[PDB]
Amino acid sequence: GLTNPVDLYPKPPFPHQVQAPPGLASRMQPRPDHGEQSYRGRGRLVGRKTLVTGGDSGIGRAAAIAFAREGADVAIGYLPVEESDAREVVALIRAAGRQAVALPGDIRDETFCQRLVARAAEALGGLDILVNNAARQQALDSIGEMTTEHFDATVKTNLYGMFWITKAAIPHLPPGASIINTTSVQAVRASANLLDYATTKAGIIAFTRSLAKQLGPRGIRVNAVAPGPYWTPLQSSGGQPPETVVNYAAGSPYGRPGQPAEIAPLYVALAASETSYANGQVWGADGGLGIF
């Protein structure tokens, strides 16, 4: 049946709240909806072998839950401090009857990126969906406040980590495989307070489009997803200022931010074998901002 999207999920104002990054979904108010109850699989990805970075919380968690419910085995990356979020996702993947692999570690470390891919492929018996979804986002009002360490941390997480993981993954990927990279509306919106983050998110789009041309001839599709505002720990752990969290997305056409559950369908559609002429695309889901 039909459902009105406007009031399907919570609207601001939200309680004043902050966490140290990367944060925990379980400490947000309200708790985000990653599709734990609502997502019903229909056999769209049976037997696929998936690695999702940042699969413990937020958009990556929603994708991991959906992939498992569609019949795919799922390895998740995350940072060690997020173990309490990650254990929930691992249990949900397993409750869908599929294999879950927990692979915590810092993707700014090149050797860890190599081990992440090797261990995921070994555990799953192969690899044929890669989702580069982990990110650092730390807002700063001025470039004068941005140290080299700040800029480097954002670029190493969001560009180098993706590069190393993707490079390590390609020798495993058979014809028919899919790579999906999470970008952001910030690639275009380029807010004053997200100078380094926006740089990396625009970079991710060109990386996606170039790699799609490179790998298309080998039968591997490479695509990106461009979210607008979603209710995740990235925002309340310093990705946005606190007043922005309280009134998050209040001025958007629905008057509310997205919940991660709502974007999982884009990841399933892009990975599915039937979506065979989608390559090099950036698919947006921004609730009416109309960016991608």
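Each residue number is its position in the shown sequence, starting from 1.
Of the two segments examined, 169-177 and 218-226, it is 169-177 that shows the higher average Cα temperature factor in the deposited entry. Stretch comparison (234-242 versus 44-52) by mean CA B-factor in the PDB entry places 234-242 on top. Taking the PDB entry at face value, the top CA B factor among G126, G77, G161, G71 belongs to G126.
Comparing C-alpha B-factors across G58, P253, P265, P257 in the deposited entry, the largest value falls on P253.
Among all modelled residues in this chain, the alpha-carbon of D196 has a temperature factor (C-alpha) in the lowest third. When the modelled residues of the chain are ordered by their C-alpha B factor, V6 lands in the highest third. In this PDB entry, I205 carries a Cα temperature factor that places it within the lowest third of its chain's modelled residues.
Ranked within its chain, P13 lands in the highest third, by CA B factor from the PDB record. Compared with the other modelled residues of the chain, the Cα B-factor recorded for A135 ranks in the lowest third.
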